[PDB]
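Asker: A single structure is presented below for examination.
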Ligand SMILES: Nc1ncnc2c1ncn2[C@@H]1O[C@H](COP(=O)(O)OP(=O)(O)NP(=O)(O)O)[C@@H](O)[C@H]1O
Ligand SMILES: [Mg+2]
Ligand SMILES: [Mg+2]
Ligand SMILES: [Mg+2]
Ligand SMILES: [Mg+2]
């Protein structure tokens, strides 16, 4: 309000404003801000579908946006959108982890991927896809991530 | 919710001494309501708003204003009133037996039934919930409508 | 049948019987056999879902049935069900192949898996998942499988084509042609084209790889892509070959990393997207259109709107299409059609979304008219808008005004001058709007003077259209113009005579039959208008013959050959004439596509037939012959009965079959109804056409009962029925059906001994009988004795010929007809094994659904009955019962039943033996 919102500061204002609604619990202002004064890119119109009963129409759009291998964050958008819609078996079968069988080294943003991977591997009970995931976790050196180690410990409990 | 429960019941008389807000949680109640069944249109300098949507209220709704939780819960309320037409009309059938008159009270129930089913009040045929919502919002916040009404219902607030 | 099927041999009989339907092409008996006497296991009920629009509900059930690792064949069931539903990326990502990275050794049944794996790896173009699959194929020793090696050779063609190696990929495509031409290919003139088509799509995809590899630079590559787009026009419109060929051009254009190949690739993905959303398969239209967003085409913002529309969300599609419409307030972005069609789409499904008032939609309809006015698709849309809003107001308590019919006629008549391709289903709406308010301005005109001014200037609209629209488009409402002549308006009577003047000057030869049957009646008012309509015709300059007088010489002769009841060889040299034969292969209009001529080449009358025929039906009815311009016999039936009933039944049929030939639920199953041109001559007489090659099923059943020496009578058959009480009817029926075994299934064995022609003929029989089975009941057909159920020897269609009585008239007479339609135990096992629970029931429901979706058009066509006969309450009640049957109301305890409920009601009361005992032995039911 105090910023003159007639001017074009609403690009850097909104890339975190929608984050402040998508884990506050409220959707009906998130869906209201994503369709008001933020309608440049079509991908933003695709991200309205993942909260409005046609979420699987947005999932398979993200599955091929997320198979462009150009951004690290358009992959974790797909992974968080799978996790929010309970597609655990589809997370553990993703090619973002299985290059051939194993995964890449120490984690800049892959810790956000490995958290979702361990958690989905826990929620589908299969000792083989859970027992070789911890073969890959335990090959690391110094795991700093607060979020990975919980689902790791649940994994080794299982 | 009451923004069109009142309009479907034809609430009117919605001056700002009758829109009560509680300090505890922020609910909205509507207290006067003597007049009902579109009676606010019957008197001179007539009430031609559907409900008091009025520029203090809109930025209080949020940044996006009326295009947000207001519109969504509006459509959900209208969809619930369309799905339960027979029950709501059955509840409100007792008006014509509390007052036992004709054609000042039958027409009110017919306009009530047409608003519940979702008929636009001119060129009568059924409009959608997202159409009835858009109609009532863009004629409640329409500045050409808001100029016309009496200063007892002071609109510029 | 010969096996006692009461016993339990139907377990080993059916595990291959359903295989004999699931690649024969037919689903509606496969779905009928999977739900009849095969309902033990629940997995069989799951396998019904994979053919009935909820196939993905069966896919993810198979994905976890197929991840039990206990059977080798429940995996290949999942793989074939993925392949049949084009889930190629989901095949190549399956864990049935990727144990960790590679696959198992030499193949007992894994060859059936490796075929699907190679084929899906070809159809998704990725050099890495295709290049290490052939690392696993080539580790084998002795590949025997005929099917693996084709897709292998296509795979190594693609791998060489990614290595920029033209002669090597030509070598492997020639290997593919060798393998197809020696092994895969089979004999023509025995199989269908429906089973060759799975091989023709692989050949059509082998040609375009050679044709896209044979290029050195982009100058001929663009020409090759335009030739392939030409090859995508002979392809048809079915989804499977289109998706296969576009998937192979896709797989070419992303293994050859030219930038022109990438610009081709975006075009391929956009055509895949808009292919798949027009074929109710937007599951892959979305994940193909997202490939058009890395390229960022300027057109995917519009395509995602239709994918949102077909998915089911209206408001987000409206939001994005107006988001690109106010983006079209900027510069050039071609003004002609790329702006008017986007706004027209915004209006056309702001209408369907029901999110706006009428004036908001009209206020931008006129903006479409401003931005481009040389294009009648907006005029089509606004005419359909007013001629829909009229019903959506008249559904409430709305009465007759003029403006919403004024503007409907005003915009249809300006649509009709430009592209004229939707005249059939819109001009009867026009002229019933033209003559509803015209009679309303005569009924109680003194405000409702508004409709008098409304008719006062849509008469001017009709005259302006007639002076600058084509001539032939009035023929579609010709009989509806032949009625309503006695209209009592006198400003539309002149127009309804000028509308016949104009249609007589150009193209006389067809309509001169109707214009000479006009000047003949018993009520002496049609004859006055007939002389008045021939006066100015013979006053016109081109008078190519005296053929009006010879036309009356045909007319009065052909109406004199129905009075001479004998219980003669008159004039002969009237033929030949420039008058043309009344057969329906003279009198149709070829369906107007966008310099065409409205008719076939003229087959005129040459030699009037001398050998007449007359037979022992009810009164004494008779049949002539005509020899035409090709020297063929055209058969003529001359009835002494009011064939206005027949002509309007046939116009219901010829507005019904054109809806059947456009619905994708009925074009998939090739529904149609038979047809014959029938003309009036005078009240209680008429002429009608003879379909060739047909035979009654009385004539079938007589010569199939005499071939087994079953002794029976015809007059001793029903005196006993007269002697039966109200109790003896049921036992009499159940004994007379034990006398005669049902035998019509093997009459099909004795016309089509080629079993492929037999199977197609029995499907054609069941489907064509199923459509008229309730078109007749909805029209209240009756009188359906086996001398009027005609079957043709050529293909097996069903036609219904008598039909004098209509509009449930069979119930009005004693020993009444209380069947909906003749469904009768010779017919049911002729329908198949499952009988009525099969293609009959499915095409029944499809026909009823099409009649419910088109209630206003069908009722508008049949509105002319009350104006051919101008009575009350013997004909209004008939139309009301007709409307209630069209909407789907059960005839007792009136409230709307579903299509699968109305179908079940009519079938289980047609085959109900308590009903079948009651009816008269003329309609002999036990046959
Ligand atoms: N278009 C046609 N194609 C072939 N046969 C036809 C056609 N029209 C009539 N027929 C024949 O006409 C015969 C009976 O004529 P129909 O129109 O039923 O007059 P009808 O005297 O009323 N006969 P009916 O009422 O059954 O006693 C049928 O058995 C058919 O073989
Ligand atoms: Mg008050
Ligand atoms: Mg008060
Ligand atoms: Mg007959
Ligand atoms: Mg008859």
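Asker: Which condition from (1) within 14 Å of another protein chain (Cβ to nearest Cβ); (2) more than 20 Å from residue B:113 (Cβ to Cβ) is the one that residue B:78 breaks?
Answerer: With respect to (1) within 14 Å of another protein chain (Cβ to nearest Cβ); (2) more than 20 Å from residue B:113 (Cβ to Cβ), residue B:78 is out only on (2).
Asker: Here's another thing I want to ask about it. Among the listed residues B:26, B:6, B:12, which satisfies the condition of being over 17 Å from residue B:137 (Cβ atoms) and under 10 Å from the mean Cα position of the chain (by Cα)?
Answerer: B:12
Asker: Go through the stretch A:119-150 and report how many residues are surrounded by 13 or more Cβ atoms within 10 Å (Cβ to Cβ) and within 25 Å of residue C:91 (Cα to Cα).
Answerer: Here the count works out to 8.
Asker: Would you be able to say whether some residue in the stretch C:268-284 is within 12 Å of another protein chain (Cβ to nearest Cβ) and either touching a strand residue (DSSP E or B) at 6+ places or on another chain (Cβ under 9 Å) or at positive phi (or both)?
Answerer: no
Asker: Restricting to the stretch C:247-276, what's the tally of residues that are within 19 Å of residue C:309 (Cβ to Cβ) and crowded, with 24+ Cβ neighbours inside 10 Å?
Answerer: Residues meeting the conditions: 2.
Asker: Follow-up. If a residue must be surrounded by fewer than 16 Cβ atoms within 10 Å (Cβ to Cβ) and not in a helix (DSSP H, G or I), how many such residues does the stretch A:63-89 contain?
Answerer: Within the stretch A:63-89, residues that are surrounded by fewer than 16 Cβ atoms within 10 Å (Cβ to Cβ) and not in a helix (DSSP H, G or I) number 7.
Asker: Give the stretch C:392-406 a look and list any residue that's within 14 Å of chain B (Cβ to nearest Cβ) and over 19 Å from residue C:353 (Cβ atoms), or say none.
Answerer: C:394, C:396, C:397, C:398, C:399, C:401, C:403, C:404
Asker: A follow-up question, please. Taking the stretch C:180-217, which residues are more than 30 Å from the chain's Cα centre (by Cα) and over 21 Å from residue C:159 (Cα atoms)?
Answerer: C:181, C:182, C:183, C:184, C:185, C:186, C:187
Asker: Name the residue that is farthest from residue C:652 (Cα to Cα), counting only residues in the stretch C:839-892 that are in contact with a strand residue (DSSP E or B) (Cβ under 9 Å, 6 or more places away or on another chain) and part of a loop (DSSP other than H, G, I, E, B).
Answerer: My answer is C:890.
Asker: Further question on the same structure: Of the residues in the stretch A:22-57, how many are more than 10 Å from every other protein chain (Cβ to nearest Cβ) and within 18 Å of residue A:76 (Cα to Cα)?
Answerer: 7
Yes/no per residue for (1) within 14 Å of chain C (Cβ to nearest Cβ); (2) assigned to a loop (DSSP other than H, G, I, E, B):
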residue	(1), (2)
A:91	yes, no
A:97	yes, yes
A:101	yes, yes
A:104	no, yes
A:107	no, yes
A:113	no, no
A:118	no, no
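Asker: Filter the stretch A:23-62 down to the residues that are surrounded by fewer than 18 Cβ atoms within 10 Å (Cβ to Cβ) and farther than 26 Å from residue B:67 by Cα and list them by number.
Answerer: The one that is surrounded by fewer than 18 Cβ atoms within 10 Å (Cβ to Cβ) and farther than 26 Å from residue B:67 by Cα: A:60.
Asker: Mind checking which helices (runs of 4 or more DSSP H) fall wholly inside the stretch C:295-391 and carry at least 3 residues that are surrounded by 14 or more Cβ atoms within 10 Å (Cβ to Cβ), touching a helix residue (DSSP H, G or I) at 6+ places or on another chain (Cβ under 9 Å) and within 14 Å of chain B (Cβ to nearest Cβ)?
Answerer: C:314-323, C:340-351, C:358-371
Asker: Which count do you get for residues in the stretch C:482-541 that are farther than 18 Å from residue C:580 by Cα and in contact with a strand residue (DSSP E or B) (Cβ under 9 Å, 6 or more places away or on another chain)?
Answerer: Of the residues in the stretch C:482-541, 4 are farther than 18 Å from residue C:580 by Cα and in contact with a strand residue (DSSP E or B) (Cβ under 9 Å, 6 or more places away or on another chain).
Asker: Which ones in the stretch C:770-797 are in contact with a helix residue (DSSP H, G or I) (Cβ under 7 Å, 6 or more places away or on another chain), under 24 Å from residue C:816 (Cβ atoms) and away from ligand 5 (no atom under 16 Å from the Cβ)?
Answerer: The answer is C:773, C:774, C:775, C:777, C:778.
Asker: Now for a different question. Restricting attention to the stretch C:570-595, which residues are closer than 16 Å to residue C:627 by Cβ and part of a loop (DSSP other than H, G, I, E, B)?
Answerer: Within the stretch C:570-595, C:571, C:572, C:573, C:574, C:575, C:576, C:577, C:578, C:579, C:581, C:582, C:583 qualify.
Asker: How about the stretch C:401-419: which of its residues are surrounded by 17 or more Cβ atoms within 10 Å (Cβ to Cβ) and in a loop (DSSP other than H, G, I, E, B)?
Answerer: C:402, C:416 - these are the residues of the stretch C:401-419 that are surrounded by 17 or more Cβ atoms within 10 Å (Cβ to Cβ) and in a loop (DSSP other than H, G, I, E, B).
Asker: Okay, next question. Quick check on my filter: what residues within the stretch C:600-639 are loosely packed, with under 14 Cβ neighbours inside 10 Å, touching a strand residue (DSSP E or B) at 6+ places or on another chain (Cβ under 7 Å) and assigned to a loop (DSSP other than H, G, I, E, B)?
Answerer: If the condition is that a residue be loosely packed, with under 14 Cβ neighbours inside 10 Å, touching a strand residue (DSSP E or B) at 6+ places or on another chain (Cβ under 7 Å) and assigned to a loop (DSSP other than H, G, I, E, B), then C:602, C:611 are the ones that fit.
Asker: Spot the failing condition for residue C:36; the list is (1) in a loop (DSSP other than H, G, I, E, B); (2) over 30 Å from residue C:139 (Cβ atoms); (3) more than 32 Å from the chain's Cα centre (by Cα), and only one is missed.
Answerer: (3)
Asker: Could you list all residues from the stretch C:640-651 that are out of contact with any strand residue (DSSP E or B) (no Cβ under 9 Å at 6 or more places or on another chain) and under 15 Å from residue C:805 (Cα atoms)?
Answerer: Within the stretch C:640-651, C:645, C:648 meet the criteria.
Asker: Output the number of the condition that residue A:60 fails; it satisfies all remaining conditions of (1) assigned to a helix (DSSP H, G or I); (2) within 14 Å of chain B (Cβ to nearest Cβ).
Answerer: Status for residue A:60: all satisfied but (2).
Note: ideal-geometry Cβ built from the backbone for every residue, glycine included; neighbour counts use all protein chains shown. Each reported figure results from applying straightforward, stated rules to the coordinates on display, with no laboratory input.
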